[PDB]
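[1] Following this: a sequence and the matching experimental structure.
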Amino acid sequence: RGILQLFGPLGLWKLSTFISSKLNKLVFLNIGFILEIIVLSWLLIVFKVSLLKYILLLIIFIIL
Amino acid sequence: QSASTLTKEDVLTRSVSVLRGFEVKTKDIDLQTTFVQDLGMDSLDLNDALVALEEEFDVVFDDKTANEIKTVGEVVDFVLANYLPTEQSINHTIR
Amino acid sequence: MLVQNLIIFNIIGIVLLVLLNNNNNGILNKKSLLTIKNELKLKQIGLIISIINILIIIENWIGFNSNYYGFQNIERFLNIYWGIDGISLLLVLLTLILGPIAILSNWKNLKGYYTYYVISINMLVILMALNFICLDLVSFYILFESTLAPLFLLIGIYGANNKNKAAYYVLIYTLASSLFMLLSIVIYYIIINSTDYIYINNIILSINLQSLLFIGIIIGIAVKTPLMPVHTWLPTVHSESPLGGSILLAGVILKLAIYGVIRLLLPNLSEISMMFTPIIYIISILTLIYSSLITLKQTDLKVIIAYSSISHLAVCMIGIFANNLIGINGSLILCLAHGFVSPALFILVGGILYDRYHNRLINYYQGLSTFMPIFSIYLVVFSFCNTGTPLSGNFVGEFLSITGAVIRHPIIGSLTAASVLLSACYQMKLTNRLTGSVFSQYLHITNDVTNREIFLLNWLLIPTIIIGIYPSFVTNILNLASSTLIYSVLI
Amino acid sequence: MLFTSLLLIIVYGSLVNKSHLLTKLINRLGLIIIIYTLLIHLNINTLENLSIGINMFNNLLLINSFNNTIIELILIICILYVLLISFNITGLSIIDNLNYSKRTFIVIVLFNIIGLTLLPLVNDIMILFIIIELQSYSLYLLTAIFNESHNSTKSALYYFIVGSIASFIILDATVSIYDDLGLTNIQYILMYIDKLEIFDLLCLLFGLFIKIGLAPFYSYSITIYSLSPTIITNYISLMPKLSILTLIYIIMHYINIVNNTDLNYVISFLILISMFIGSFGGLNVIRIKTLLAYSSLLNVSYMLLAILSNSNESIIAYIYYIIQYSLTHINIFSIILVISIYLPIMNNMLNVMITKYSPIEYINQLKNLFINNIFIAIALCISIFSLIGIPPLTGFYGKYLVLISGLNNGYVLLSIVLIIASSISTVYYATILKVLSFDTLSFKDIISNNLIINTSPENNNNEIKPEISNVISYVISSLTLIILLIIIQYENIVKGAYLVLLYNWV
Amino acid sequence: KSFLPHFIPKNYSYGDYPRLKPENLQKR
Amino acid sequence: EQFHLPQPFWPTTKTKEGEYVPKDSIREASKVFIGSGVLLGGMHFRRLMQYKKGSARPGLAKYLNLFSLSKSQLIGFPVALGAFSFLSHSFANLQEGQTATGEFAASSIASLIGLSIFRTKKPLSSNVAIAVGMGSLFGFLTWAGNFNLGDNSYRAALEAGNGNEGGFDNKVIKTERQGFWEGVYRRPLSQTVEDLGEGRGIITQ
Amino acid sequence: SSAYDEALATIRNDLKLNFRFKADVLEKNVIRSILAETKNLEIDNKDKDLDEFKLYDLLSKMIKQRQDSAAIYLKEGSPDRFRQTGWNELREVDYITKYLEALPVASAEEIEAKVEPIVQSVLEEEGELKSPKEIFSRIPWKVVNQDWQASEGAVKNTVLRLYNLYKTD
Ligand SMILES: CCCCCCCCCCCCCCCCCC(=O)OC[C@H](COP(=O)(O)OCCN)OC(=O)CCCCCCCCCCCCCCCCC
Ligand SMILES: CCCCCCCCCCCCCCCCCC(=O)OC[C@H](COP(=O)(O)OCCN)OC(=O)CCCCCCCCCCCCCCCCC
Ligand SMILES: CCCCCCCCCCCC(=O)OC[C@H](COP(=O)(O)OCC[N+](C)(C)C)OC(=O)CCCCCCCCCCC
Ligand SMILES: CCCCCCCCCCCC(=O)OC[C@H](COP(=O)(O)OCC[N+](C)(C)C)OC(=O)CCCCCCCCCCC
């Protein structure tokens, strides 16, 4: 009833609730919001690919 | 977006502040405080307070409600039920 | 003459029940005669279908050769090759036998929709039975996970108060883990262009790739036996699923993991199975020891039975991973014996006590032998069978599995002997409480075991005693098939 | 056939009087046009003849066996969609008259079908820009076909702006290629595939990724699909992916000639994020179309893994997956439109407002479907279990073939992630099934005289009146059994996928 | 005189479950 | 005599002794730290201008608040990324190559360094749990072979003749160990002793 | 009485950020309402200084009133057209709770650790428990300012929470 529930249905439910709550606030009709994301994706083309993992760590930091 | 964000406590708190800007008899105002007896408001004094309360919450009391309202709590109930945000232009919402 | 007849007859059986029951559904406000007596005439047809399925495999059993090496009754159907050997033959018979038993368990204890339940039960029995006679990894996986869809709806519709949680557990635990097994299957089809049983057994892959394939397959297997620490779904499912669902899950589904080791690990990943054997023993020994101690603190009657199955299948995993014939045969014997005793314990708990008092808490029951003597006789006898007492098939399976474990690993395999003590600790503590002291003050006197419940207990007890006293009925079929799984180079 | 018949329909529709009956009959005329188009295309185009690839119209268009298969799929799926507006879906005027209100409905669809079919055939950067705008503009008009709806016009405004930015990115990529090389024909550009900036083609794919709702540009797609009417969402959420994904596969086929590892990593990075958002995004949602929008994003990610690999197994995986997903997509939306007849009628808490455009808008509106219609509920369950990937349904083989291409090309990380994403997405998939059936035994002894279907008058009290019309029920029955019984003919269908060649030959 | 067995906690907080002094019913 | 344990590790291209020119950890980490700080700082000032461009429009404010970072985040993020770049390069040089163990350590330590900056109002154990979670994800990323196996994939091995296209032959026994993706019919007995060792049925009983 | 000044400094600072950044309107209503209540605290508690404990009680009173209002609205329905009045009360509690926890006082967990031994002793030294008054008599309601770092209201509500758990009947 302990660690196997933290690494199980109860822990994953809390993790899912936290992650899905953040994603629910990212979906709303706004021209400025979607425009910045499209322009931000242009940095992937500019950046050298060896920086992708640093971007990946940065994205997780913003989820918090 | 276009939804009420009022609470019973905030509406009551701002209702008391508006009514304390007049020459009311008592500064202790609650839901059960009556305009005619506790506040000592006559015909014209009461209508001055009602319009002043209209300006605060951007609501308009109807004729029947304004001619029959007795207590501050009835004013609070009317504001909660009828208040709506004013519609914005097309640019405010989708942009 | 087997898979073709089994699928076609059961598909026709499914269509027959659907046509009869759903003919007057057109807002007729009708009464009809098929629905009289809780849809008796529709339950009877489904029960007859289950019986005929047993006769189908018996006809092929008559022609089975126990002295022939390799798969028999090789057949092409739906672009899939199907075959039977010694190990597959016995497991198919067990699956089909539990068909009528599962249906008879929920004869008059469902709130409705008997036709849906009957079709779902028969569909599950056939799908699990077909999983023992497929001759490639892809066909194995298709039948391995096809049972999830009927089982998910069955638990969510006919389940107990927490049926919603149980349905999510069985669907997600058994799918997220099986997907890791699919990855290993996909790798086989990429580098060998085939997933055939015979074709992949003769191929030796690199020692690093065998390690990756073993881990992917073992994750799907370990969750399904189940093994610690991926076992927490099973107690929830058993405590909430209907009695017929528990019988199939405890009697057949958990045996697919042991059969999966036989087909997917031993003959194709033989080199890496030897290396992984110490790790498997450590996990299974801890699974056996921990589950027995955890069972001592459980208060739900049906949960106690659920944990008992975990400890026994840990012995099966230990025996089947032994690299000698004694351990392999004992693991297969214990699976067959567990396939009868374990459903009986659920029938006694979740089918007799629950159908009368509708409460699974242990505090409400004591001294049941005063007004339910017939119930206590079967409860005591099946309790001793579950603990490995001789004259029962469980003892033959446990002793040979323990003996095979000691032969495989004398030092740590000796720890498997703790199952003799630990199993008696939790099983008898439950049985001693249910029969001892005065009759419970929270219970009203009611009927004892009825004729229908007597039939279920007797015909689950009979195979256990026959296998226990004369296991040569089982060993003779298994000896040639099981000898192929041993990997050793003695010089 | 399409172009010539479209002009006749345009003139005829503006001449006859405005009525619901004439519009419905004109919709049936559009159904005949697409059927005639399919017959003509099948008469002249064959898989064997197009294996080499044949240039058309001064090499502006290039048709091969890979392109021809998608065109045939596009025509077939469009036929099934027109059946929704060419026949009754519920049999009730208050619900069905929405489809017959706009006369230009069939006209705009025929405009978009021309764009959809020609897009995979583009062989010049100039015609690529022209066709992609032709398809994009037709989608904006269809999103705004109900101009009396506040949400429909708002969605089209959102759709126009996001797509226009994507079109600018596409135009910016093609112009940059012209600056480097001075050539506009793709085959001429392939001569300099080793001397042009290959990341300019990545800019081209970025514009195409926006038009299919790929992450991080997923947000607008989910918003548009949920706000748009169910009859409109059914088209705009599937049809653009049929053509753009096929074009992306061709572009990725050319990119793999130089085999830029940096290019693959960037696309892998977007696929990884799309699987995270596609799985966790749908866990906490209450709208069915919002749930399907996340489901659409996740499945496109699975197909992109096959596209990114771009091998012989990828052709088999992509062709099979796109065909079976389209059939499942049609089946699910067909059931959603029909089951609106079982909605209870008020006669309140949460002040829930439901409009005529989206009668089914929440997942819990599917409650008691097991009791209301057992055959329709099982048909939905089969479709949902296909999206999950339960074998031997069509969905399992789609993911089975995608995993083969991904693991063969060395995408171990994406293959493991796609399987974790599949398990996470199973949670919200199972929620649909829980709503349908998990309360059957408690609500079996219930009385429902307030359903929408109960308002339908009876004929003579002796006629056996079916609750659902002949056409839509038959389509659901056919699609459900094809999904269920794919194991019967799976071997032969993959053999057909074996013969679809994209310049493989030998 | 009497004393509680080993491993009997002095305190616990299981949400809103009532908190009562641990009593050995054998000694009643 | 070491224990015989399974090795579930995907193939990786190895550099012989004397190869693997080391990476300048300071220069590589400084580029990430400086580059991240300028962009995050530059976008922060730009977003401030958007606030001043209009503050009576609720739609614009809602999206600006989501992208807005606190002062600690504007400082913590470049430091965490800079520490990640340094530790990943520093640990790689020690092992003469990049491993999942080094990436797990580099990611977990760098995340914890960053978490201690912008997540001050949280328990330390809470930040350790997230750091372990973050480090495990990037350790899994390296174990899977980054985004693609590259030349270690089966397709690359099949093109190079290291696959199983030619079938199998039991009459041909190779003393050297086969390829990662290569299958054989019969293997030398010496290789089995190397993998498993003598004992429970190999050679001796 | 400087922690109150520091605590009130944040509240006013947040209002400027809310208005400048056009943040949540509800948060602006929360902050403006707290300053109205805090204005009464200045007038009523003059010459008696303003410690954080009276600020804690001021915020606690606001929290329970909105919870009482929310408990009625969520049962009988909200009066507004969009039925958001009940949820607005709950969302305002979160803002006030955010400032409530920022005060330099001990949390309920520490008080529960400092009161349960007293509650357990009363049951053990009397056999049965019937009222929280017997627990109040052993509480030193003069030195709970730095030892427990709790207020009068904080201790009073905590004892009731434990008394309900420990009540025999
Ligand atoms: C034996 C069987 C085992 C079966 C399961 C195996 C996996 C077990 C996984 C264990 C980890 C999850 C369980 C523990 C997480 C608990 C979450 C939690 O407690 O709260 C969420 C947390 C914020 O904490 P808070 O909301 O304040 O809760 C109060 C805590 N005192 O929020 C957080 O800070 C979390 C960190 C931010 C989110 C990070 C997301 C990055 C990706 C995570 C991995 C997802 C991978 C998905 C791959 C497919 C999709 C790409
Ligand atoms: C510096 C420029 C901005 C950074 C780049 C952002 C765009 C690229 C990211 C792709 C996903 C796009 C998501 C939408 C853009 C994010 C916009 C944003 O930053 O909003 C922040 C959002 C809300 O955060 P919140 O704390 O609630 O509000 C702050 C109030 N003070 O917080 C969020 O929830 C946003 C995070 C969304 C979740 C994305 C997760 C992607 C997957 C990460 C894990 C990878 C999965 C595989 C893991 C194993 C890999 C081996
Ligand atoms: C071996 C291949 C078999 C495949 C086909 C099986 C039949 C499919 C259903 C069609 C007929 C039907 O929907 O009929 C419904 C029947 C009959 O139930 P009933 O109580 O009379 O219905 C209620 C009506 N009352 C109340 C008026 C009596 O129940 C079933 O749904 C049983 C079969 C489905 C079980 C599993 C569902 C999920 C399948 C997922 C597959 C991966
Ligand atoms: C490698 C072996 C894998 C074995 C299986 C893995 C764990 C399965 C957990 C079952 C979840 C379940 O059942 O989903 C249902 C549960 C419901 O939770 P509940 O029980 O109602 O309590 C919680 C609810 N409360 C608090 C209200 C009481 O929702 C979840 O948790 C949602 C998240 C599940 C995501 C699972 C993805 C797994 C990814 C693959 C592994 C990394």
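    Perfect, I can see it now. Numbering: from 1, shown residues only, chains lettered A, B, ... in the order given. Ligands and ions are numbered 1, 2, ... in the order given.
[2] Checking the closest residue to chain F within chain E next. Helix, strand or coil?
    Going by C-beta to the nearest C-beta, chain F is nearest to residue E:13 of chain E, at 18.5 Å. The way it works is simple: take the backbone N, C-alpha and C, and place the C-beta from them, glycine included. Here residue E:13 is coil, with the state taken from DSSP: H, G, I helix; E, B strand; the rest coil.
[3] What separation do you get for it and residue G:161?
    Using C-beta to C-beta, to the nearest Å, residue E:13 is found at 11 Å from residue G:161.
[4] can you check residue D:74 too?
    66 Å.
[5] quick one: contacts for the residue of chain F most remote from its centre?
    Residue farthest from the centre of chain F, counting by C-alpha atoms, centre = their mean, is residue F:56 at 45.7 Å. Residues near residue F:56 by C-beta atoms under 8 Å, 6 or more residues apart in numbering or on different chains: B:92, G:22.
[6] one more time with 10 Å, if that's ok
    Neighbouring residues of residue F:56 by C-beta atoms under 10 Å, 6 or more residues apart in numbering or on different chains: B:88, B:92, G:22.
[7] Kindly report the same for residue F:64.
    Residue F:64 touches A:32-33, A:36, F:47-48, F:50-51, F:55, G:21-22, counting by C-beta under 10 Å, 6+ apart.
[8] Let me know the closest of those residues to chain D.
    residue A:33 (7.2 Å).
[9] How about the contacts made by the residue of chain A found nearest chain G?
    Nearest residue of chain A to chain G: residue A:25, at 12.5 Å (C-beta to the nearest C-beta). Residue A:25 makes contact with F:62, F:65-66, according to C-beta under 10 Å, 6+ apart.
[10] From what I see, residue G:164 and residue G:135 are in contact.
    No - at 11.7 Å, residue G:164 does not count as touching residue G:135 under the criterion of C-beta atoms under 10 Å.
[11] Give the helix, strand or coil label for residue 32.
    All of this refers to chain A. Following three-state DSSP, the label given to residue A:32 is helix.
[12] meant chain C, my bad for not saying
    Per three-state DSSP, residue C:32 ends up coil.
[13] ok, residue G:164 and residue G:135, which is more surrounded?
    Neighbours were counted for residue G:164 and for residue G:135 using other C-beta atoms under 10 Å in any protein chain shown; residue G:135 has more, 20 against 12.
[14] Quick check on the more buried one: phi, psi?
    Main-chain torsions, residue G:135, degrees, to the nearest 10: phi -80, psi -30.
[15] That one is in contact with residue G:166, isn't it?
    Yes - counting by C-beta under 10 Å, residue G:135 does reach residue G:166; the two are 8.9 Å apart.
[16] Which residues are in contact with each of the two?
    Joint contacts of residue G:135 and residue G:166 (C-beta under 10 Å, 6+ apart) are G:119, G:122-123, G:129.
[17] Let's have those in a markdown table, adding distance to ligand 1.
    Output for the shared contacts of residue G:135 and residue G:166, formatted as a markdown table (distance: C-beta to the nearest ligand atom, whole Å):
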| residue | distance to ligand 1 |
| --- | --- |
| G:119 | 27 |
| G:122 | 33 |
| G:123 | 32 |
| G:129 | 33 |
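[18] Nearest residue to residue D:327 in space, please, no chain neighbours.
    Nearest residue to residue D:327 in three dimensions, chain neighbours excluded: residue D:479, at 5.4 Å (C-beta to C-beta, 6 or more residues apart in numbering or on different chains).
[19] in terms of contact, does that neighbour touch residue D:334 like I think?
    Yes - Residue D:479 is in contact with residue D:334 according to C-beta under 10 Å; the separation is 7.4 Å.
[20] Show me which of the two is the more surrounded one.
    Taking neighbours as other C-beta under 10 Å, residue D:479 and residue D:334 compare with residue D:334 leading, 26 against 23.
[21] Just give me the neighbour total for the residue nearest to that one when sequence neighbours are not counted.
    Spatially, and ignoring its direct neighbours in sequence, residue D:334 is nearest to residue D:476 (5.3 Å; C-beta to C-beta, 6+ apart). By other C-beta under 10 Å, 22 other residues sit near residue D:476.
[22] Also residue F:109?
    Neighbour tally, residue F:109, other C-beta under 10 Å: 17.
[23] From residue C:132, how far off is it?
    51 Å.
[24] so what's the closest residue to residue D:147 other than its chain neighbours up against?
    In space, and not counting its chain neighbours, residue D:147 is closest to residue D:153: 6.1 Å by C-beta to C-beta, 6+ apart. Applying C-beta under 10 Å, 6+ apart, we find residue D:153 in contact with D:143-144, D:146-147, D:227.
[25] Residue C:216 now?
    Residue C:216 makes contact with C:177, C:179-187, C:264, D:416, F:8, according to C-beta under 10 Å, 6+ apart.
[26] Please name the spatially closest residue to it (chain neighbours excluded).
    residue C:184 (3.6 Å).
[27] Please list all residues in contact with the residue lying closest to residue D:261 once chain neighbours are set aside.
    Counting by C-beta to C-beta, 6+ apart, residue F:150 is the residue found nearest to residue D:261 once chain neighbours are left out, at 6.5 Å. Residue F:150 makes contact with D:259, D:261, D:264, D:410, F:12-13, F:156, according to C-beta under 10 Å, 6+ apart.
[28] Between residue E:13 and residue G:161, which contacts overlap?
    residue G:112.
[29] These two: which has the busier surroundings?
    residue G:161 (16 against 11).
[30] Isn't the more buried one up against residue G:111?
    Yes - between residue G:161 and residue G:111 there is a contact at 9.5 Å, judged by C-beta under 10 Å.
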